[PDB]
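Before any questions on how it binds or moves, here is one chain, the form deposited in one PDB entry, in structure tokens.
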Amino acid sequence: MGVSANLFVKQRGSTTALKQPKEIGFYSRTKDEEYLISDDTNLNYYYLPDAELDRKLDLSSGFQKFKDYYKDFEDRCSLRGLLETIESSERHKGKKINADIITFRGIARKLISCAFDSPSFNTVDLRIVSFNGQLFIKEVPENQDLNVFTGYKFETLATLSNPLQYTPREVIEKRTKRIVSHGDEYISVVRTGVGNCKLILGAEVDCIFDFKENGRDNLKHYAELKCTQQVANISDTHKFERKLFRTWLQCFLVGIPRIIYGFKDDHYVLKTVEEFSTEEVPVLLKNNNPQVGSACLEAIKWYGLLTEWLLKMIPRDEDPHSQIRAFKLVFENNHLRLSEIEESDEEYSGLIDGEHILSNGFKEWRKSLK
């Protein structure tokens, strides 16, 4: 073990705010694990009139024909498209993009949630880290399945594959019968930062709301549509508020402006929809449940403490990308985060060093070519 460190989960930093986010580029992932850099076939357009809420739409319908392609994937967390998108954005401007860590938004949300959620209820996974001249992070792949399907149907009912203006009327009328599928994303690449720490986050986004802008940050026009739940008794408000708080990070970390919740009655019957701006939620929580609302600036200060910790828990920032690399397991356990070198005596270390199991050859060649 050439390096090791711990961080106690309830220690907190001091910086009050994130940097302003910016969109570098994007990719979409086919049903076939093909990655389409700079292509947007999978970007849905939001559409659900208020009159639809009168219809007794059922979020279970078509469950038996659900095409869950994601289970069949070879590398269910593979960063390849993000790395290739960053490559595409660097190539036409002749230099490295100065960010300290490259990762998915889900990994970042998992990390920041450690300050609040117990590891069992969090399902806090194993994580893996490596450097080349900057840090890279990957997640280790792991009735309730009908609750999973519900979100994917609700997102399918609420959207169109193309702009409403261009959609022919038959495609709207068919919509309730349409097959539902998962593992077919559109993912944006977002530059961001906390304190003096600079980042790139890959983030899935459900749909666009106003319009596409060509060759510009579309970031102010996306939304999240969230998997639905009933709210009808006072304790449901707190159960909802926890879900809302988790949802706020998930938009805020990448500057997404719109959060939409659908609400079930019971069974799988859709009853209502509500919407929030990302800027409302901290204040809305500050009024209705202060002990939850308070957690936002605690989460931001904790995210500062974390990222400084990662940049000081014996990382390497050895800038020549031809230098010998290093590789670490990361976990959250018993209110400690844990970090440990993967020694070359273990097969995983030999794999992550010598092979594409973390970072793709084309990306490694690109940065070795300066």
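All residue numbers refer to positions in the sequence shown, first residue = 1.
- Coordinates are absent for 10 or more residues of the deposited sequence placed between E142 and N143.
Another form exists, solved in complex with a partner chain; not displayed. Remarks below refer to it.
- Residue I300 is the only one of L111, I300, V129, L201 with a heavy atom lying within 4.5 Å of its partner chain in the entry with it bound.
- Here is the short version: of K138, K153, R105, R191, the single residue with a heavy atom within 4.5 Å of its partner chain in the entry with it bound is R191.
- Of the candidate stretches 177-185, 114-122, 78-86, 292-300, only 292-300 contains residues with a heavy atom within 4.5 Å of its partner chain in the entry with it bound.
- For the chain shown alone, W248 is a contact residue for its partner chain in the entry with it bound, at least one non-hydrogen atom being within 4.5 angstroms.
- At the 4.5 Å threshold, heavy atoms of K19 reach its partner chain in the entry with it bound.
- Residue contact with its partner chain in the entry with it bound: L146 places no heavy atom within 4.5 Å of it.
- Under a 4.5 angstroms non-hydrogen atom cutoff, its partner chain in the entry with it bound has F252 among its neighbouring residues.
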